[PDB]
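S.K.: Experimental structure below, sequence on top.
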Amino acid sequence: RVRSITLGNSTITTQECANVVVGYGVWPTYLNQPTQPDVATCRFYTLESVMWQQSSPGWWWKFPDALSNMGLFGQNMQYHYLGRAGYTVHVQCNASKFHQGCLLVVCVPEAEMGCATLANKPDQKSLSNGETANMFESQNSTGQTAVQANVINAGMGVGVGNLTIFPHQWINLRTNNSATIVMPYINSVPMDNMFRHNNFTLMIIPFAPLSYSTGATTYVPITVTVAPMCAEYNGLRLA
Amino acid sequence: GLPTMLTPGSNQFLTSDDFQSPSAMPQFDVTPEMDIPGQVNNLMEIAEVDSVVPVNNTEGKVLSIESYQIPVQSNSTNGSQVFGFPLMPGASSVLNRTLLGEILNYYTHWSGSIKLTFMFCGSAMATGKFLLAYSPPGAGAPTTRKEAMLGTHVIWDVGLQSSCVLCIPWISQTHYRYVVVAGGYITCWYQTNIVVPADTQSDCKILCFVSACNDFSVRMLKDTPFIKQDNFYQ
Amino acid sequence: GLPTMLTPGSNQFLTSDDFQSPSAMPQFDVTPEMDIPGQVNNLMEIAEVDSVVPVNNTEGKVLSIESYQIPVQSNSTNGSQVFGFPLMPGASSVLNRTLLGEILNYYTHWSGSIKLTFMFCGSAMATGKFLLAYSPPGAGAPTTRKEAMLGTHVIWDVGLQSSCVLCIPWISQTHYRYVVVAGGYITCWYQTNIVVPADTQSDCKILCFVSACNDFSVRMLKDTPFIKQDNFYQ
Amino acid sequence: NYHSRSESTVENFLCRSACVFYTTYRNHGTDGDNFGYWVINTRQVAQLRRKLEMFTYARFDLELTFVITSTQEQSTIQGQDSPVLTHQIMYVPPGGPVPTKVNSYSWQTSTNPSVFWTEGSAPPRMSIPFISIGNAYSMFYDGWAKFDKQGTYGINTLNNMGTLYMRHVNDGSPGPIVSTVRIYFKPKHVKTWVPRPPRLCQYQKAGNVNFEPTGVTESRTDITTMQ
Amino acid sequence: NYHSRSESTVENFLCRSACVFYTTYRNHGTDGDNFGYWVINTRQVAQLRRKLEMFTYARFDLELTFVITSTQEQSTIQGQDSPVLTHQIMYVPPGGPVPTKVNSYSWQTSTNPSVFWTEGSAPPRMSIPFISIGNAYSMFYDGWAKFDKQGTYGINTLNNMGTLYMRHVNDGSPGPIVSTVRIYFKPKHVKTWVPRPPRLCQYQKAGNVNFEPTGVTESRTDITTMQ
């Protein structure tokens, strides 16, 4: 049936029979200066939808940078020196029964991406545009400081078909339309500066191209909604 | 004072030894371990994971994502072959660079069952049947729909299910076989054409996945034949 | 007679080893230990001790005892800054040569809380208030009295108490941080002017003390960057 | 029953002693550049780098074995009769003093670990613990050391494991002698997290993940072909 | 919980093996000055001297390791073919006979401890106990050995730890050979009393506490500045 989920002043709609992929089998928790929690940040931040077309390569978001300007939790990234949060990423897909296509929705921890120019580093804008998705290309990328965003190598110098090693979900339009991934906090330190470290990125790569019957809508909206979980920060006490 | 002998093999550096090494930084406290999610203790955990198989290995497609998409034609002769590759996870280029094949190429011997999943990426209203036929090693790939049906096969009905998991058994004369270059064959056949509400234009696709089963093992570690360096990178 | 191997690392002199050394003077009786007062077993006992912080580090004052005296002006703008230094016990020259900083410079990593004591050395009839404000690392030093008050602060009232102990918390992303070159800031602000029986001429002073708390530790011993020799002194 | 997965384990997979560096240093020289050095890195040998980068975070001890062999050179010096040669392998921990000359003050190694080895014995060995203020080495870092600088992408000071320095304690003879150190590297007590796909594209730089895009696999003639 | 203070302890702080002296002695010479010597002192190396003088009284055993390496010199002698070189490191306890020549009667060492070491083996090692008629070594002495003499200020005979003597037992070859001893010092079982401020002004003389007055710290521009 229909499941209604409310966090804070945000409500989303989910199917009862929705499969949830929980990271590496780990549910986000706190680290049980005393760290300060912020439950007000536990909201649904629905990003702008991306139009999935017949010739559309994948997208990616880097979420510390993606939610950097999303009201609360963005003010908290700007405010607190140290921060920690797990995320519930819910990727919806609005399509009819006459639409085709398969999607790989994968969250990649520490997706250090290469540059189009070998003797160069990608700049901040190319790696993450924030709430705006960065798109892959079907061919090699050219640029002095641009990310090598060819789809086959997923920007990481690996095989895109091997991306399933990370917490992923398959959206087959004839079978599924949604993907819920619950990513815990993954890092080599208990807590890190959020403004300069993307702990993971979300890649939505269409492995089977979108197709549709004549007269059906050409594009299929893909909606990403992110709910930070167990977010806690530095804490300012004693003088 | 206590007598001792030469014991041949002393004062030698055997590279594959397990002798204790003196600590250059004793009386130094390392930071305690942190509960990082994702503790992996064995490479088979990586090998147990489904990885998309590039079956569309035709020239000009290995540089695009179309190498992973098996094209299913809107109209074709019944009994035509949709695709076919040998069961050589560490040798055949179809399965070589998968997660399973990448793990296998780090070793010399392997044993176990290959798990193959075929997923139909067509429309929900599309219906049709496929022959997912398996040929045992030494038999040879079938040439017609009838030869595939007379052997080991499943009728994968697209309308009933959009996925088909096919577990390839372990058939060899030894406990382990060499990763390098028989193994068998997977061939798919058009049992029936794909049937749709007669208004569509583009064709459907099939995605393939490969995985290892719980009885999978690798014996002799070696250097992978994939990464190569002329000298030190710095 | 008993067989023995080479065990690589033998016949070597590792400087940081703990092997027993033959006694050049055995069968010699050392004098018994005497109960000397002041047995110290750990350098933190030295680091736990308050030491006067030279905050008046202006040019020309480091060679005089005035470097330890924070001048409190008889008349100044309210909301002016009395003083300010960063929380770098092993890096900032204000805290570098203190007992705590001297201990810290012998090590590479450290962790713990800094204890700061500010003592008013003015007259018993003098009264006034100060803002002892603490800025967490990365925040930046406040520029006005209001910014200091909106953060972590205490109102140190001179009339009520002539001393103020301020415990600086441990805020870092790692268990230990490097002694060498964020840490935070201490800034004092004139909440109110110093009020006296209106007949005095010279100004008051503030003395600062630094100390380590019970949770203080240092990890990697090294050479202090302070003493230097060209060769042997004899 | 089930076949044993013993040598497939991460410990057996990664704890393999491999040569990661070799350098030659002279016994006499014009300047003081008669010493060999190596910043301890895991990203200079492709095989080891690929094996370690199959995981995201690792935590291991460094076991190092040094295979030092000396060769007498050319001619024009007679009556060489050199005594036995002694070598010093000084390890500089992170943040420690770094020599610039063969006879620098850092070689007096007040706190830098140092092993003195005389030729003819078993090769010298030393073990470096897990040295990081962080809780694990990070083979991948999707972030900046300083967010202001673009060139700091992927660099964090938590992976610095120190530098090794090698030199001759004694010249032995007035004639030329060149020694090769041939460091052999072996992780111990390895714990790894967050497995990653194997590196497909060939490496370009040790301090980069940059890559020329490569095909996912090798091509074949037809989708139905068998050879 | 509380972080471990293990390596901050006085034992870990002070029991660190450091080189405190090195000398070269010949195999042939005009006079008998073919020997090296070192009066055991803790006030000649600034780092160790500062570390010990952070306390007032100390009581420790001296562990000494000698790193002896020999070098053949120049030319004009052919067919050197020297056999292996043997060294004698004689320790002279306080009040013991002190050699003045390479072949003095004191080298026959009736009661002076002596270690004979052949080159190519592990470096020689010997340990000196706490040798003082007093109950502790005093790094500082606010008094006179003789109150009549002004120049005896700060000198007491209770800190004399003996003298080390090094020489060649055999010449080996008729050609020149020079050996360096490189003594490495390491206190053991250290007990310290009455902690003291670290030495701020640079040392001038080993047998003095004299100092040029120095500023308490480094200066900055303003009392309110941050960089």
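M.R.: Received the coordinates, thanks. Residues are numbered from 1 along each chain as shown, chains lettered A, B, ... in the order given.

S.K.: Quick check: which element contains the most centrally placed residue in chain A?
M.R.: With distances taken as C-alpha atoms, centre = their mean, the residue of chain A nearest its centroid is residue A:202 (3.2 Å). In the assignment (DSSP states H and E), residue A:202 maps to strand A:200-208.

S.K.: Tell me the strands beside that strand, with direction?
M.R.: As defined by DSSP bridges, the strand partners of strand A:200-208 come to strand A:59-62 (antiparallel), strand A:102-109 (antiparallel).

S.K.: Nearest to residue B:172, out of those strands?
M.R.: strand A:102-109 (33.5 Å; C-beta to C-beta). From N, CA and C alone the C-beta is placed, and that goes for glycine too.

S.K.: Next, count neighbours for the nearest residue to residue B:139 once chain neighbours are set aside.
M.R.: In this structure, residue B:139 finds its nearest non-sequential neighbour in residue B:151, 7.4 Å apart by C-beta to C-beta, 6 or more residues apart in numbering or on different chains. Residues contacting residue B:151 under the criterion other C-beta atoms under 10 Å in any protein chain shown number 16.

S.K.: Give me the distance between residue B:151 and residue E:227.
M.R.: Applying C-beta to C-beta, to the nearest Å, the value for residue B:151 to residue E:227 is 80 Å.

S.K.: Alpha carbons of the lengthiest helix in chain D, as PDB, please.
M.R.: Ranked by number of residues, the top helix in chain D under DSSP state H is helix D:46-53. Provided in PDB are the C-alpha atoms of helix D:46-53 (Å, rounded to 0.1, in the frame of the first residue of the first chain):
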ATOM      1  CA  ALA D  46      51.400  -0.700  -9.000                       C
ATOM      2  CA  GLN D  47      50.700  -4.200  -7.700                       C
ATOM      3  CA  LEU D  48      50.900  -3.300  -4.000                       C
ATOM      4  CA  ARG D  49      49.000   0.000  -4.700                       C
ATOM      5  CA  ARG D  50      46.200  -1.800  -6.500                       C
ATOM      6  CA  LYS D  51      46.000  -4.400  -3.800                       C
ATOM      7  CA  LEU D  52      45.700  -1.800  -1.000                       C
ATOM      8  CA  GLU D  53      43.400   0.500  -3.000                       C
END
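
S.K.: May I have the strands that pair with the very next helix or strand once past that helix, each with its orientation?
M.R.: For helix D:46-53, the following helix or strand on the C-terminal side (DSSP H and E) is strand D:55-66. Using DSSP bridges, the strands paired with strand D:55-66 are strand D:125-128 (antiparallel), strand D:137-138 (antiparallel), strand D:183-195 (antiparallel).

S.K.: Give me the buried stretch members for stretch B:159-178, please.
M.R.: Going by neighbour count (16 or more other C-beta atoms under 10 Å in any protein chain shown), the buried part of stretch B:159-178 is B:162, B:164, B:166, B:168, B:176-177.

S.K.: Out of those residues, which is nearest to chain E?
M.R.: Using C-beta to the nearest C-beta, residue B:176 comes nearest to chain E of those, at 47.2 Å.

S.K.: Which residues are in contact with that closest one?
M.R.: Residues in contact with residue B:176 (C-beta atoms under 8 Å, 6 or more residues apart in numbering or on different chains) are B:109-111, B:217, B:219.

S.K.: Adding mean neighbour count, write the strands paired with strand D:55-66 out as JSON lines.
M.R.: Shown next, in JSON lines, are the strands paired with strand D:55-66 (neighbours: other C-beta atoms under 10 Å in any protein chain shown):
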{"stretch": "strand D:125-128", "mean neighbour count": "23"}
{"stretch": "strand D:137-138", "mean neighbour count": "24"}
{"stretch": "strand D:183-195", "mean neighbour count": "21"}
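
S.K.: looking at the ones you listed, which is closest to residue C:7?
M.R.: Closest to residue C:7 of these is strand D:125-128 (C-beta to C-beta; 9.2 Å).

S.K.: hmm, back to that, next SSE after the strand holding residue A:202?
M.R.: Heading C-terminal from strand A:200-208, the first helix or strand you meet, by DSSP H and E, is strand A:220-233.

S.K.: Give the helix, strand or coil label for the residue nearest the centre of chain B.
M.R.: Centroid-nearest residue in chain B, with C-alpha atoms, centre = their mean: residue B:100, separated by 4.0 Å. The local conformation at residue B:100, judged by DSSP: H, G, I helix; E, B strand; the rest coil, is helix.

S.K.: Surely it touches residue B:89?
M.R.: Yes: under the criterion of C-beta atoms under 8 Å, residue B:100 makes contact with residue B:89 at 5.3 Å.

S.K.: Overlap of the contact sets of these two?
M.R.: Shared contacts of residue B:100 and residue B:89, defined by C-beta under 8 Å, 6+ apart, comprise B:114, B:210.

S.K.: which residues touch stretch B:224-234?
M.R.: Residues contacting stretch B:224-234 (C-beta under 8 Å, 6+ apart): B:97, B:102, B:105-106, D:21, D:41, D:43-47, D:49-50, D:198-200, D:202-207.

S.K.: and it, which residues are buried?
M.R.: Across stretch B:224-234, burial judged by 16+ other C-beta under 10 Å covers B:224, B:226-227, B:233.

S.K.: Check stretch A:210-218 too.
M.R.: For stretch A:210-218, by 16+ other C-beta under 10 Å, it's A:210-213, A:216.
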